[PDB]
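Only one chain is given next, in structure tokens, and it is the form deposited in one PDB entry.
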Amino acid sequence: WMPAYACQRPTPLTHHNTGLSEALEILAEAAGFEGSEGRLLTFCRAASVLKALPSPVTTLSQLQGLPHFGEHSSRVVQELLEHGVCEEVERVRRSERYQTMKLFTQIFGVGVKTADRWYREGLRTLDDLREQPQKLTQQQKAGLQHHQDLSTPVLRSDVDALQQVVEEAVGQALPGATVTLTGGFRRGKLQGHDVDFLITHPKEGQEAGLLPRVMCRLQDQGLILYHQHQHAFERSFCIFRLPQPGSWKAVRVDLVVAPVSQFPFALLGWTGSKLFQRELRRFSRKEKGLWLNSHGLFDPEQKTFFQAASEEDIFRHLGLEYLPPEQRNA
């Protein structure tokens, strides 16, 4: 009754199974920390099925017929229904390995391989990292400097203020250039870990050199704490200093520039969710023989690229019913 791929079904922002999906996602995350990519994807998929259900799962009977609910994920839900707690999940939560890997990987500029390296070298705390500055990139140093603020959920109100200053800077640098909110906030999330913006201009090539001008403008207003510009799309992964009444908050902001020919692919890729996009790309390759990414949709047999004006165009070309961003919360 429910389709196998996350991109074939709506997944709304709010759902009836948050306890169960959260528990499965702890196990997915822990698997990724150990390099167990298959196990990660398996738990992620099961959690996403629960998100798409129209009712709470009260009894294990309601598991019947559902895709991606193998033995292990079923046992986890069974323990939660019967005992209110799953021993395996609680052991993961209490473990020093999991707690440390979560601590490190949530730092700006730190991935799983870096976090694991540090773990294996005997580092455990944020102070441990500050004691070894030669082990840190400039990005990671900035992440540590602002870690309290960067751990604080970003709110819709923060997003609105940030979009205003980014739009002002973009508009003053280049009349006609546009700013589009992407990421989780485009999917309707009330809170997030950063804010993602996609910048373009309707005339191909007019976007050249725009981002550095935008950054200069923001820097001169005192709004930038950290900036790493990289000429993949031109992008700037930043920490903004967001003014607030009587104080200020550091906030992570990703700015991406795409040429307008690629904008639909970029918007689709950058809107997520991460699992939704993984599933959409797996679907495109496996079911339709096409390779999808943030730049385009390629037929490797014909050596052709699909011309899309909208996300809707891309869904249609892949034979999928269109899902608006708020239904991509897989």
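Under this definition, the rigid core comprises the largest set of C-alpha atoms superposing within 1.5 Å between the forms. For every residue, the number given is its place in the sequence shown, counted from 1.
In what follows, reference is made to the form deposited in another entry, a form of this protein that is not presented.
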item	value
Which one of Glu96, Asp127, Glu87, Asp220, by Cα shift of 2 Å or more between the shown form and the other one, core superposed	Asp220
Large Cα shift (2 Å or above) at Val256 between the shown form and the other one, core-fitted	no
Flag for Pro202, CA shift 2 Å or larger between the shown form and the other one after aligning core	no
